[PDB]
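S.K.: The following file, model33.cif, comprises mmCIF, C-alpha atoms and all ligand atoms; chains and numbers go by the auth columns:
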```
data_start
loop_
_atom_site.group_PDB
_atom_site.id
_atom_site.type_symbol
_atom_site.label_atom_id
_atom_site.label_comp_id
_atom_site.label_asym_id
_atom_site.label_seq_id
_atom_site.Cartn_x
_atom_site.Cartn_y
_atom_site.Cartn_z
_atom_site.B_iso_or_equiv
_atom_site.auth_seq_id
_atom_site.auth_asym_id
ATOM 1 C CA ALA A 1 -33.207 34.775 -39.806 0.00 1 K
ATOM 2 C CA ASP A 2 -35.669 35.991 -37.139 0.00 2 K
ATOM 3 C CA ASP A 3 -37.644 37.875 -39.797 0.00 3 K
ATOM 4 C CA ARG A 4 -41.208 38.028 -41.069 0.00 4 K
ATOM 5 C CA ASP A 5 -40.473 36.840 -44.614 0.00 5 K
ATOM 6 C CA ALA A 6 -37.405 34.597 -44.137 0.00 6 K
ATOM 7 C CA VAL A 7 -38.545 30.979 -44.516 0.00 7 K
ATOM 8 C CA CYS A 8 -36.512 27.856 -45.268 0.00 8 K
ATOM 9 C CA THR A 9 -36.847 24.073 -45.517 0.00 9 K
ATOM 10 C CA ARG A 10 -35.352 21.643 -42.999 0.00 10 K
ATOM 11 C CA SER A 11 -36.003 18.023 -43.954 0.00 11 K
ATOM 12 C CA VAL A 12 -37.512 15.848 -46.669 0.00 12 K
ATOM 13 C CA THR A 13 -39.480 12.629 -46.148 0.00 13 K
ATOM 14 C CA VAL A 14 -39.889 10.173 -49.026 0.00 14 K
ATOM 15 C CA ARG A 15 -42.275 7.208 -48.856 0.00 15 K
ATOM 16 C CA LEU A 16 -41.893 4.228 -51.207 0.00 16 K
ATOM 17 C CA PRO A 17 -44.673 1.610 -51.039 0.00 17 K
ATOM 18 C CA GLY A 18 -42.568 -0.514 -53.391 0.00 18 K
ATOM 19 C CA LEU A 19 -39.988 -1.235 -50.679 0.00 19 K
ATOM 20 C CA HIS A 20 -42.672 -2.614 -48.387 0.00 20 K
ATOM 21 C CA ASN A 21 -43.301 0.661 -46.522 0.00 21 K
ATOM 22 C CA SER A 22 -39.988 2.518 -46.623 0.00 22 K
ATOM 23 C CA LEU A 23 -39.729 5.995 -45.106 0.00 23 K
ATOM 24 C CA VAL A 24 -36.474 7.824 -45.858 0.00 24 K
ATOM 25 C CA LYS A 25 -35.585 11.102 -44.149 0.00 25 K
ATOM 26 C CA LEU A 26 -33.056 13.553 -45.568 0.00 26 K
ATOM 27 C CA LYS A 27 -31.953 15.872 -42.783 0.00 27 K
ATOM 28 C CA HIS A 28 -30.526 19.370 -42.422 0.00 28 K
ATOM 29 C CA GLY A 29 -26.965 18.084 -42.631 0.00 29 K
ATOM 30 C CA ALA A 30 -25.894 15.388 -45.085 0.00 30 K
ATOM 31 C CA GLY A 31 -27.213 12.579 -42.896 0.00 31 K
ATOM 32 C CA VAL A 32 -29.815 10.071 -44.049 0.00 32 K
ATOM 33 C CA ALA A 33 -32.168 8.104 -41.795 0.00 33 K
ATOM 34 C CA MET A 34 -34.108 5.020 -42.899 0.00 34 K
ATOM 35 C CA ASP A 35 -36.873 3.851 -40.551 0.00 35 K
ATOM 36 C CA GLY A 36 -35.344 5.833 -37.700 0.00 36 K
ATOM 37 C CA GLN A 37 -31.845 4.336 -38.017 0.00 37 K
ATOM 38 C CA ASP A 38 -28.904 6.224 -39.482 0.00 38 K
ATOM 39 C CA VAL A 39 -26.994 4.618 -42.345 0.00 39 K
ATOM 40 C CA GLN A 40 -23.519 4.960 -43.829 0.00 40 K
ATOM 41 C CA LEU A 41 -23.306 5.643 -47.546 0.00 41 K
ATOM 42 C CA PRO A 42 -23.254 4.206 -50.111 0.00 42 K
ATOM 43 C CA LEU A 43 -26.469 2.203 -49.723 0.00 43 K
ATOM 44 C CA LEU A 44 -27.783 -0.437 -52.122 0.00 44 K
ATOM 45 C CA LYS A 45 -31.159 -2.180 -52.071 0.00 45 K
ATOM 46 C CA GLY A 46 -33.610 -3.692 -54.552 0.00 46 K
ATOM 47 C CA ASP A 47 -33.932 -0.592 -56.741 0.00 47 K
ATOM 48 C CA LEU A 48 -32.861 2.125 -54.273 0.00 48 K
ATOM 49 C CA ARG A 49 -29.464 3.837 -54.377 0.00 49 K
ATOM 50 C CA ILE A 50 -28.222 6.661 -52.146 0.00 50 K
ATOM 51 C CA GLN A 51 -24.704 8.050 -52.336 0.00 51 K
ATOM 52 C CA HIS A 52 -22.567 11.105 -51.769 0.00 52 K
ATOM 53 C CA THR A 53 -21.610 13.144 -54.820 0.00 53 K
ATOM 54 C CA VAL A 54 -18.483 15.128 -55.618 0.00 54 K
ATOM 55 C CA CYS B 1 -6.541 -8.443 3.284 0.00 1 I
ATOM 56 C CA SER B 2 -10.200 -9.192 2.586 0.00 2 I
ATOM 57 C CA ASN B 3 -11.173 -11.329 -0.391 0.00 3 I
ATOM 58 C CA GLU B 4 -13.513 -9.794 -2.957 0.00 4 I
ATOM 59 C CA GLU B 5 -14.432 -10.686 -6.536 0.00 5 I
ATOM 60 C CA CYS B 6 -13.243 -8.251 -9.203 0.00 6 I
ATOM 61 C CA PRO B 7 -13.871 -8.058 -12.954 0.00 7 I
ATOM 62 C CA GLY B 8 -12.288 -10.599 -15.266 0.00 8 I
ATOM 63 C CA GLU B 9 -11.109 -10.246 -18.867 0.00 9 I
ATOM 64 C CA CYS B 10 -10.699 -12.612 -21.829 0.00 10 I
ATOM 65 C CA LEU B 11 -8.076 -11.200 -24.192 0.00 11 I
ATOM 66 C CA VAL B 12 -7.626 -12.349 -27.785 0.00 12 I
ATOM 67 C CA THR B 13 -4.629 -10.926 -29.648 0.00 13 I
ATOM 68 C CA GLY B 14 -1.673 -11.908 -31.784 0.00 14 I
ATOM 69 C CA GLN B 15 -1.902 -14.702 -34.314 0.00 15 I
ATOM 70 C CA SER B 16 -3.546 -17.134 -31.877 0.00 16 I
ATOM 71 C CA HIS B 17 -2.978 -16.270 -28.217 0.00 17 I
ATOM 72 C CA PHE B 18 -5.819 -16.482 -25.714 0.00 18 I
ATOM 73 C CA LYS B 19 -6.152 -15.722 -22.024 0.00 19 I
ATOM 74 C CA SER B 20 -8.895 -17.543 -20.145 0.00 20 I
ATOM 75 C CA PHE B 21 -11.064 -15.529 -17.779 0.00 21 I
ATOM 76 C CA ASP B 22 -9.043 -16.631 -14.764 0.00 22 I
ATOM 77 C CA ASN B 23 -5.429 -16.393 -15.943 0.00 23 I
ATOM 78 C CA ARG B 24 -4.617 -19.290 -18.274 0.00 24 I
ATOM 79 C CA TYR B 25 -2.677 -18.533 -21.457 0.00 25 I
ATOM 80 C CA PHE B 26 -2.542 -20.774 -24.519 0.00 26 I
ATOM 81 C CA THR B 27 -2.579 -20.950 -28.319 0.00 27 I
ATOM 82 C CA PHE B 28 -5.096 -22.869 -30.433 0.00 28 I
ATOM 83 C CA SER B 29 -4.798 -21.808 -34.109 0.00 29 I
ATOM 84 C CA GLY B 30 -7.919 -23.367 -35.586 0.00 30 I
ATOM 85 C CA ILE B 31 -9.709 -22.340 -38.771 0.00 31 I
ATOM 86 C CA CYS B 32 -13.478 -22.298 -38.203 0.00 32 I
ATOM 87 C CA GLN B 33 -16.154 -20.446 -36.236 0.00 33 I
ATOM 88 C CA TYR B 34 -15.962 -21.056 -32.490 0.00 34 I
ATOM 89 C CA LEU B 35 -18.141 -20.042 -29.551 0.00 35 I
ATOM 90 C CA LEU B 36 -16.097 -17.554 -27.543 0.00 36 I
ATOM 91 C CA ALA B 37 -18.497 -16.718 -24.715 0.00 37 I
ATOM 92 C CA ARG B 38 -22.071 -17.260 -23.594 0.00 38 I
ATOM 93 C CA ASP B 39 -24.290 -16.573 -20.605 0.00 39 I
ATOM 94 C CA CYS B 40 -24.868 -20.344 -20.467 0.00 40 I
ATOM 95 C CA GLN B 41 -27.240 -20.028 -17.470 0.00 41 I
ATOM 96 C CA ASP B 42 -29.916 -17.482 -18.438 0.00 42 I
ATOM 97 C CA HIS B 43 -29.203 -16.934 -22.160 0.00 43 I
ATOM 98 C CA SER B 44 -28.572 -13.199 -21.893 0.00 44 I
ATOM 99 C CA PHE B 45 -25.923 -12.820 -24.629 0.00 45 I
ATOM 100 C CA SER B 46 -23.436 -14.706 -26.776 0.00 46 I
ATOM 101 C CA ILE B 47 -20.160 -13.818 -28.502 0.00 47 I
ATOM 102 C CA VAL B 48 -18.798 -15.801 -31.462 0.00 48 I
ATOM 103 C CA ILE B 49 -15.657 -15.239 -33.542 0.00 49 I
ATOM 104 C CA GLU B 50 -14.495 -16.168 -37.039 0.00 50 I
ATOM 105 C CA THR B 51 -10.897 -17.112 -37.854 0.00 51 I
ATOM 106 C CA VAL B 52 -8.945 -17.456 -41.104 0.00 52 I
ATOM 107 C CA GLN B 53 -5.338 -18.100 -42.070 0.00 53 I
ATOM 108 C CA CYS B 54 -3.087 -15.145 -42.890 0.00 54 I
ATOM 109 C CA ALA B 55 0.456 -14.564 -44.127 0.00 55 I
ATOM 110 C CA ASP B 56 0.392 -17.505 -46.574 0.00 56 I
ATOM 111 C CA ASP B 57 1.952 -19.700 -43.884 0.00 57 I
ATOM 112 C CA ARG B 58 1.192 -22.932 -42.070 0.00 58 I
ATOM 113 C CA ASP B 59 0.890 -21.483 -38.558 0.00 59 I
ATOM 114 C CA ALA B 60 -0.404 -17.916 -39.082 0.00 60 I
ATOM 115 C CA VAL B 61 -4.109 -17.664 -38.201 0.00 61 I
ATOM 116 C CA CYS B 62 -6.075 -14.458 -37.595 0.00 62 I
ATOM 117 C CA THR B 63 -9.611 -13.487 -36.609 0.00 63 I
ATOM 118 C CA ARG B 64 -11.815 -11.702 -39.140 0.00 64 I
ATOM 119 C CA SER B 65 -15.134 -10.805 -37.536 0.00 65 I
ATOM 120 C CA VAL B 66 -17.049 -10.994 -34.273 0.00 66 I
ATOM 121 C CA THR B 67 -20.783 -11.661 -33.977 0.00 67 I
ATOM 122 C CA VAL B 68 -22.696 -10.603 -30.865 0.00 68 I
ATOM 123 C CA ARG B 69 -26.222 -11.793 -30.082 0.00 69 I
ATOM 124 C CA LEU B 70 -28.314 -10.082 -27.393 0.00 70 I
ATOM 125 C CA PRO B 71 -31.745 -11.673 -26.822 0.00 71 I
ATOM 126 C CA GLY B 72 -32.766 -8.656 -24.744 0.00 72 I
ATOM 127 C CA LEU B 73 -32.897 -6.415 -27.826 0.00 73 I
ATOM 128 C CA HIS B 74 -35.505 -8.621 -29.467 0.00 74 I
ATOM 129 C CA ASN B 75 -33.064 -10.743 -31.502 0.00 75 I
ATOM 130 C CA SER B 76 -30.120 -8.626 -32.635 0.00 76 I
ATOM 131 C CA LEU B 77 -27.005 -9.665 -34.541 0.00 77 I
ATOM 132 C CA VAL B 78 -24.225 -7.068 -34.266 0.00 78 I
ATOM 133 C CA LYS B 79 -21.396 -7.921 -36.651 0.00 79 I
ATOM 134 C CA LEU B 80 -18.014 -6.284 -36.089 0.00 80 I
ATOM 135 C CA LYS B 81 -16.045 -6.510 -39.326 0.00 81 I
ATOM 136 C CA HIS B 82 -12.390 -6.469 -40.336 0.00 82 I
ATOM 137 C CA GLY B 83 -12.336 -2.695 -40.663 0.00 83 I
ATOM 138 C CA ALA B 84 -13.900 -0.422 -38.048 0.00 84 I
ATOM 139 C CA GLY B 85 -17.341 -1.052 -39.519 0.00 85 I
ATOM 140 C CA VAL B 86 -20.386 -2.138 -37.542 0.00 86 I
ATOM 141 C CA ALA B 87 -23.392 -3.855 -39.112 0.00 87 I
ATOM 142 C CA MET B 88 -26.694 -4.490 -37.333 0.00 88 I
ATOM 143 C CA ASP B 89 -29.110 -6.943 -38.961 0.00 89 I
ATOM 144 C CA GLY B 90 -27.405 -6.471 -42.322 0.00 90 I
ATOM 145 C CA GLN B 91 -27.586 -2.657 -42.355 0.00 91 I
ATOM 146 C CA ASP B 92 -24.393 -0.665 -41.958 0.00 92 I
ATOM 147 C CA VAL B 93 -24.817 2.120 -39.408 0.00 93 I
ATOM 148 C CA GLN B 94 -23.026 5.364 -38.593 0.00 94 I
ATOM 149 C CA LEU B 95 -21.658 5.760 -35.081 0.00 95 I
ATOM 150 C CA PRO B 96 -22.416 6.674 -32.393 0.00 96 I
ATOM 151 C CA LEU B 97 -25.499 4.534 -31.750 0.00 97 I
ATOM 152 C CA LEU B 98 -27.942 4.765 -28.845 0.00 98 I
ATOM 153 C CA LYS B 99 -30.823 2.474 -27.915 0.00 99 I
ATOM 154 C CA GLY B 100 -32.636 1.219 -24.829 0.00 100 I
ATOM 155 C CA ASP B 101 -29.540 -0.296 -23.236 0.00 101 I
ATOM 156 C CA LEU B 102 -27.040 -0.668 -26.112 0.00 102 I
ATOM 157 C CA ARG B 103 -24.356 1.908 -26.877 0.00 103 I
ATOM 158 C CA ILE B 104 -21.682 1.831 -29.581 0.00 104 I
ATOM 159 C CA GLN B 105 -19.208 4.636 -30.157 0.00 105 I
ATOM 160 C CA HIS B 106 -15.767 5.399 -31.504 0.00 106 I
ATOM 161 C CA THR B 107 -12.817 5.863 -29.165 0.00 107 I
ATOM 162 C CA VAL B 108 -9.759 8.102 -29.242 0.00 108 I
ATOM 163 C CA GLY C 1 8.680 -28.860 -56.787 0.00 1 U
ATOM 164 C CA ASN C 2 7.907 -32.187 -55.189 0.00 2 U
ATOM 165 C CA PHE C 3 9.902 -35.245 -56.283 0.00 3 U
ATOM 166 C CA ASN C 4 7.549 -37.852 -57.709 0.00 4 U
ATOM 167 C CA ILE C 5 7.493 -39.233 -61.230 0.00 5 U
ATOM 168 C CA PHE C 6 4.391 -37.177 -62.032 0.00 6 U
ATOM 169 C CA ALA C 7 5.574 -33.979 -63.719 0.00 7 U
ATOM 170 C CA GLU C 8 2.200 -32.176 -63.855 0.00 8 U
ATOM 171 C CA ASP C 9 1.160 -31.897 -60.191 0.00 9 U
ATOM 172 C CA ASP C 10 4.438 -30.123 -59.382 0.00 10 U
ATOM 173 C CA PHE C 11 2.980 -26.654 -58.717 0.00 11 U
ATOM 174 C CA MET C 12 1.836 -27.152 -55.121 0.00 12 U
ATOM 175 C CA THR C 13 1.972 -23.821 -53.301 0.00 13 U
ATOM 176 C CA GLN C 14 2.939 -23.514 -49.637 0.00 14 U
ATOM 177 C CA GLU C 15 -0.657 -23.848 -48.402 0.00 15 U
ATOM 178 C CA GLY C 16 -0.943 -27.245 -50.109 0.00 16 U
ATOM 179 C CA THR C 17 -3.173 -26.175 -52.995 0.00 17 U
ATOM 180 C CA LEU C 18 -2.429 -26.660 -56.688 0.00 18 U
ATOM 181 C CA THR C 19 -2.325 -23.625 -58.984 0.00 19 U
ATOM 182 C CA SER C 20 -1.566 -22.946 -62.649 0.00 20 U
ATOM 183 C CA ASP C 21 0.138 -19.551 -62.845 0.00 21 U
ATOM 184 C CA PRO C 22 3.908 -19.958 -62.338 0.00 22 U
ATOM 185 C CA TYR C 23 4.389 -16.575 -60.666 0.00 23 U
ATOM 186 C CA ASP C 24 1.861 -16.853 -57.837 0.00 24 U
ATOM 187 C CA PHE C 25 3.158 -20.380 -57.225 0.00 25 U
ATOM 188 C CA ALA C 26 6.780 -19.257 -56.964 0.00 26 U
ATOM 189 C CA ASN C 27 5.765 -16.171 -54.959 0.00 27 U
ATOM 190 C CA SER C 28 4.429 -18.202 -52.016 0.00 28 U
ATOM 191 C CA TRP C 29 7.959 -19.298 -51.028 0.00 29 U
ATOM 192 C CA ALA C 30 9.403 -15.864 -50.226 0.00 30 U
ATOM 193 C CA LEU C 31 11.480 -15.605 -47.040 0.00 31 U
ATOM 194 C CA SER C 32 12.322 -12.389 -45.190 0.00 32 U
ATOM 195 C CA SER C 33 15.455 -11.742 -43.144 0.00 33 U
ATOM 196 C CA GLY C 34 15.819 -8.855 -40.707 0.00 34 U
ATOM 197 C CA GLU C 35 16.520 -5.760 -42.775 0.00 35 U
ATOM 198 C CA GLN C 36 15.233 -7.604 -45.858 0.00 36 U
ATOM 199 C CA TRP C 37 11.527 -7.117 -46.548 0.00 37 U
ATOM 200 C CA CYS C 38 9.812 -8.516 -49.597 0.00 38 U
ATOM 201 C CA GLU C 39 7.231 -7.337 -52.118 0.00 39 U
ATOM 202 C CA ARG C 40 5.817 -9.843 -54.577 0.00 40 U
ATOM 203 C CA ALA C 41 7.208 -9.739 -58.109 0.00 41 U
ATOM 204 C CA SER C 42 5.110 -9.132 -61.228 0.00 42 U
ATOM 205 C CA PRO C 43 5.759 -10.135 -64.849 0.00 43 U
ATOM 206 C CA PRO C 44 8.177 -7.876 -66.726 0.00 44 U
ATOM 207 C CA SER C 45 5.967 -5.798 -69.021 0.00 45 U
ATOM 208 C CA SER C 46 8.337 -5.887 -71.995 0.00 46 U
ATOM 209 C CA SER C 47 7.718 -7.471 -75.395 0.00 47 U
ATOM 210 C CA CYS C 48 10.097 -8.220 -78.280 0.00 48 U
ATOM 211 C CA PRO D 1 -2.264 7.465 -52.215 0.00 1 Y
ATOM 212 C CA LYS D 2 -1.379 6.166 -55.669 0.00 2 Y
ATOM 213 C CA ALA D 3 -1.314 2.394 -55.034 0.00 3 Y
ATOM 214 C CA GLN D 4 -1.259 2.726 -51.231 0.00 4 Y
ATOM 215 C CA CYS D 5 -5.027 2.889 -50.745 0.00 5 Y
ATOM 216 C CA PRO D 6 -7.041 0.090 -49.143 0.00 6 Y
ATOM 217 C CA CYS D 7 -8.749 -2.911 -50.692 0.00 7 Y
ATOM 218 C CA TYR D 8 -12.530 -3.329 -50.602 0.00 8 Y
ATOM 219 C CA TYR D 9 -14.349 -6.654 -50.428 0.00 9 Y
ATOM 220 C CA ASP D 10 -17.729 -8.052 -49.340 0.00 10 Y
ATOM 221 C CA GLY D 11 -18.347 -5.466 -46.645 0.00 11 Y
ATOM 222 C CA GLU D 12 -14.902 -5.546 -45.063 0.00 12 Y
ATOM 223 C CA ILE D 13 -12.078 -3.103 -45.787 0.00 13 Y
ATOM 224 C CA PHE D 14 -8.594 -4.564 -46.162 0.00 14 Y
ATOM 225 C CA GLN D 15 -5.074 -3.113 -46.285 0.00 15 Y
ATOM 226 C CA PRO D 16 -2.417 -3.202 -49.015 0.00 16 Y
ATOM 227 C CA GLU D 17 -0.304 -6.364 -49.021 0.00 17 Y
ATOM 228 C CA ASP D 18 -2.766 -8.552 -47.100 0.00 18 Y
ATOM 229 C CA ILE D 19 -3.583 -12.234 -47.578 0.00 19 Y
ATOM 230 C CA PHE D 20 -6.169 -14.708 -46.336 0.00 20 Y
ATOM 231 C CA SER D 21 -7.587 -18.113 -47.249 0.00 21 Y
ATOM 232 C CA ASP D 22 -10.460 -19.490 -45.192 0.00 22 Y
ATOM 233 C CA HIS D 23 -11.654 -22.731 -46.806 0.00 23 Y
ATOM 234 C CA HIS D 24 -12.484 -22.050 -50.472 0.00 24 Y
ATOM 235 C CA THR D 25 -10.444 -19.189 -51.934 0.00 25 Y
ATOM 236 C CA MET D 26 -7.011 -17.607 -51.684 0.00 26 Y
ATOM 237 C CA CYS D 27 -7.087 -13.816 -51.815 0.00 27 Y
ATOM 238 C CA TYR D 28 -4.539 -11.022 -51.703 0.00 28 Y
ATOM 239 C CA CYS D 29 -4.793 -7.558 -53.254 0.00 29 Y
ATOM 240 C CA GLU D 30 -2.371 -5.513 -55.346 0.00 30 Y
ATOM 241 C CA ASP D 31 -3.175 -1.889 -56.204 0.00 31 Y
ATOM 242 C CA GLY D 32 -6.910 -1.597 -55.428 0.00 32 Y
ATOM 243 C CA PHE D 33 -8.188 -4.948 -56.708 0.00 33 Y
ATOM 244 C CA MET D 34 -8.404 -8.338 -54.995 0.00 34 Y
ATOM 245 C CA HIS D 35 -7.294 -10.958 -57.550 0.00 35 Y
ATOM 246 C CA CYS D 36 -9.125 -13.696 -55.663 0.00 36 Y
ATOM 247 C CA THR D 37 -8.551 -17.202 -57.026 0.00 37 Y
ATOM 248 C CA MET D 38 -10.111 -20.643 -56.577 0.00 38 Y
HETATM 249 CA CA CA E . 6.534 -34.413 -59.213 0.00 201 K
#
```
How does this structure look as structure tokens?
M.R.:
Amino acid sequence: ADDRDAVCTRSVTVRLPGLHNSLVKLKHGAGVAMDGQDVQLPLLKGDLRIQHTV
Amino acid sequence: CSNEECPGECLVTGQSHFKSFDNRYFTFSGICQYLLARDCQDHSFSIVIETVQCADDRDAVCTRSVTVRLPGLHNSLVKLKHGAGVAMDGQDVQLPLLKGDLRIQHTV
Amino acid sequence: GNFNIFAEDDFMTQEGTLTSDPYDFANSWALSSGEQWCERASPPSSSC
Amino acid sequence: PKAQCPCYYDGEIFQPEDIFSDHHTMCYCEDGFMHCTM
């Protein structure tokens, strides 16, 4: 908002050493990127679950 | 007229109806995995198909999935599944996809 | 069913496999005809 | 859809009133479930 005090947050990066070295990026939209590659939800792994909600 | 090579196509449609690269038509109707195409001279790609029987009948055979291997992209397996899904190396991906020389995208 | 003295292996479906449920067995022999199109039949859900 | 929605399986997505039998199992799907046998 082109203003002095208007600040937001764009993206979130989560690192899990448990899944080898897994870097997961949550983006401005609803997209999710794992190790640089987009994925299609739902996703299942050892103990990791990502899914859309209502 | 002047002779000149032009692109060829290998169609696979219907229950079991092929068309060789030149023009030959035929029907095979086998239930296993078969090697559909391969570079065979420099090992630059390979296309394999999987077939199963449909319509609870003796002669109805379909094709489920197609596996593509491209040695250029390290060693990549690109499964095309019964739906419109695409799976690279076991991970489902969201189209479109761009890489060094590989492109996958939806059509109209 | 087939016609051999054995009365227990007489549930061979069209694919050549042997089943146990009568309905799926009998449902593999449906035949369509032009206007006629067929949906498989399920048990009648009615008790005494 | 009420019972007209597709059938899910091991990765693939199927369609109502579909059948297949490769070498081990015979599978169709009514409603939203498979009912695979063998
Ligand atoms: Ca008999």
S.K.: Can you spell out as an MDAnalysis selection string the set of residues that the PyMOL selection byres ((chain Y) within 6 of (chain I)) selects in the structure I just provided?
M.R.: chainID Y and resid 12:13 19:22
S.K.: Within 10 Å of residue 29 of chain U, counting all atoms listed in the file, which residues qualify if same-chain residues fewer than 2 places away don't, as a list in words?
M.R.: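 The filter keeps residues 56 and 57 of chain I; 13, 14, 24, 25, 26, 27 and 31 of chain U.
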S.K.: From the options I:13, I:2, I:18, I:59, which residue's atoms come nearest to chain U, counting all atoms listed in the file?
M.R.: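 Using all atoms listed in the file, chain U sits closest to I:59.
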S.K.: Within 8 Å of ligand CA 201 (chain K), which residues show up when you count all atoms listed in the file? List them as a PyMOL selection string, please.
M.R.: chain U and resi 1-10
S.K.: Counting all atoms listed in the file, which of U:11, U:39, U:28, U:20 gets nearest to chain I?
M.R.: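 When distances to chain I are compared using all atoms listed in the file, the smallest one comes from U:28.
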S.K.: To test your reading of the syntax: which residues would the PyMOL selection byres ((chain U) within 10 of (chain Y)) return for the file shown? Reply as a PyMOL selection string.
M.R.: chain U and resi 15+17-19+39-40
S.K.: Tell me which protein, DNA and RNA residues are within 12 Å of segment 14-21 of chain K, counting all atoms listed in the file, leaving out same-chain ones fewer than 4 positions away, and put them as a count of residues only.
M.R.: 11
S.K.: For a test of reading the model, state the distance in Å between atom CA of residue 44 of chain U and atom CA of residue 22 of chain U, rounded to one decimal.
M.R.: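 Between atom CA of residue 44 of chain U and atom CA of residue 22 of chain U the gap is 13.5 Å.
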S.K.: Residues of chain I that approach chain K to 8 Å or less, counting all atoms listed in the file: could you list each one with the shortest pair of atoms and its distance in Å to one decimal, rows by chain and increasing residue number, as CSV?
M.R.:
```
residue,atom,partner,partner_atom,distance
I:91,CA,K:39,CA,7.3
I:92,CA,K:39,CA,5.9
I:93,CA,K:39,CA,4.4
I:94,CA,K:40,CA,5.3
```
S.K.: Going by the chain IDs and residue numbers used in this file, which residues fall under the PyMOL selection byres (((chain I and resi 40-49) around 9) and not hetatm)? Write them as number ranges by chain.
M.R.: I: 32-39, 50-51, 63-72
